[PDB]
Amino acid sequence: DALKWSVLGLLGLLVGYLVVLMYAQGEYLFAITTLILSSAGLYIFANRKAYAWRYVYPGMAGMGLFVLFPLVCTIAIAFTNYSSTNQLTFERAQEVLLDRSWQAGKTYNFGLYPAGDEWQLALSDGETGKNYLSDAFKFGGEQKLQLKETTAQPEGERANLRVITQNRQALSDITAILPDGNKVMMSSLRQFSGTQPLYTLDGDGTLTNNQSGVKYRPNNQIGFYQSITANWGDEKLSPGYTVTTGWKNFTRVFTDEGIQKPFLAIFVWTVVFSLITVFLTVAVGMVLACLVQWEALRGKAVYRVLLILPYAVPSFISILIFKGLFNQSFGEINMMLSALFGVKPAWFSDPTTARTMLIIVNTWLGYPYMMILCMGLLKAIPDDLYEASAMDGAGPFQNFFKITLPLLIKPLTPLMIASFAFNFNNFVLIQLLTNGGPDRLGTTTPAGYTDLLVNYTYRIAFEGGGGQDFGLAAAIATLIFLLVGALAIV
C-alpha cells in the first residue's frame, strides 16, 4: 500500500466503461444515476478530504437506491393513471392492438409433403370437400404459391409435427393462394386460413379497423385509443395505456362525499391504535428487559429466549390462529372465560371490544421488538449509578422511574415515533383478523370500525370494483405519509 490513485484510476475506468455503455441502448435513468453516485463516491475519497462523508455515503447509497428511489417512483406514478386499465405503455398498447388478429376466410387443415429435396403444401376445405395442392417449393423468405384443385394424393408421406415446427419460420412467410383467388396465410401448426390484421396504423399515427372501417386516434387525456368521426368518437378500445394525469386522483381524494365521510373517525382510531400499541409495547418490553438482567433472577437465560418467540415465528400464521382463539362462540379463549368467569366476550361483533382484541394481539406481536431493543440499550447505563441509587436508599421501583426509565426515553423516542408510523399503517394485522369488522353502517364506501386509514384506502383503490387503481393508491400513500410526517414532527 502506498497511493490510492492507482485504485481510483482503475475505478475511474469502470465508471465510464459502464456509464457510456448505459448511455447507449437507451437506459438513460440508469446512466444518469450511476454517474452522480460514482461522482459523489469518488469525490469524497479523493483530493477534497470529506472524511465524514466516507462513513455516511456507503450507507446513503443503499438507502437512496433501495428506499429513496422507491419513493420518488411511487410519487411519480401518483401523477398518472397507471392501473389495471391503463396498465401498458402507449407503445405496448399499440403493439398489442397491431397484433390483434381477425379471421375473414376459412380454416383449411394443411399438410406438408416432401417432393425429393423440395416440399409441397396441401389444403383441405372443411366444406365443399375440395382438396388443393401447390407446386414443389423450397423454404426461406416470403413467397406466394398457387394452389390447384387436386383430386389425387401427393407422393411422399405427410411430415411430422417436428418437421412442420422446425420449419415454422419459413412456413409462416408463405402466403398460399387458392384457384378461386383468395389469399390464405398460416394461422396454426395445423391450419392455413384467411386471418388478417384487425388494425393498420397510419404514418400520421391514426389506427384504422380493417373490418368495420372505424378510425381511431390516441386520447392522451384519458389514456385510450378513442374513435374518431369527421372530432370524437364515442368508442374506446382496450387495453388502454398509462399517461400523465397531473393533480388528478390527488384532487379526487378531496372531493367525494362518501370517501371523505368516515375519514375523520378512522383517523382517530389509527392514532389511538398505534399510540396505545407503542405505549404497551414499550411498557411491557422495558419491564421485561429489566427483569431479565436482574442477575438475582435465576434461570433468566431461559426466560430471555421464551419471551422472544412471539417474534421468532412469522406474523402471518400467528395472527391467523389468534383469529381462531378469539372466536366469539368457539375458540379456546372464550372456552375458559365461560368456564371460570361468566361473560363470553364478543371480540368481532362489538366494535369497542374488537378494537381491544387488536391491541392485545399487537402487544403480543410487538413487545419482543422493544425488549430486544431495551436489552442492549439498558447496558448503556453504568452499574455505579445504581450503586449511587442504593446509597440514597432506592430500588427497585424507585430505581426504575428515577434512573432506568428516564435514562432510556431519549434514545428510545425515535424508535417509538417510528413505531407509531409503522402501526399507523399496519395493514397486514387488520385484514387478517377483521376487514374493519364490524361494519360502520351507512357508509356508501366500504368502511368498518376496525379499519385503519390504510385498510379503508386499499379497498377504495384496489377493491370496490373499477379494477386495481395503482395511480389512486400511490396518491393516497403520499397524502397519509405527508399527514403522518407532519404529525410526527409535531
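Under this definition, the rigid core comprises the largest set of C-alpha atoms superposing within 1.5 Å between the forms. Start at 1 with the first residue shown and count on from there.
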Hey, after superposing on the core, which one moves around more in 4 other deposited structures of this protein, 151 to 159 or 361 to 369, CA-wise? 151 to 159
Output the stretch, either 53 to 61 or 40 to 48, that has more C-alpha displacement from this form in 4 other deposited structures of this protein following superposition by the rigid core. 40 to 48
Hey, does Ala230 show up as a hole in at least a third of the other compared models? yes
Answer with none, 1 to 3, 4 to 9, or 10 or more: how many deposited residues between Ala230 and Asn231 are not present in the coordinates. 1 to 3
Looking at the entry, does 471 to 479 or 15 to 23 show the higher mean C-alpha B-factor? 15 to 23
Assert higher mean C-alpha B factor (85 to 93 or 234 to 242, deposited values) equals 234 to 242
Of the options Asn209, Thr281, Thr404, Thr413, which has the highest CA B factor as deposited? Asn209
Highest recorded C-alpha temperature factor, please, choosing from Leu320, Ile259, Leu291, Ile164. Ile259
Consider only the C-alpha atoms of the modelled residues in this chain, order them by B-factor as the entry records it, and name the third containing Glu387: lowest, middle or highest. lowest
Based on the entry's values, in what third of the chain does the Cα temperature factor of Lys138 lie: lowest, middle or highest? middle
Report the third (lowest, middle or highest) to which the CA temperature factor of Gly442 belongs, ranking only the modelled residues of the same chain. highest
Assert third(CA B-factor, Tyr113) within chain per record equals middle
Considering every modelled residue of the chain and its Cα B-factor in the PDB entry, is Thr107 in the lowest, middle or highest third? middle
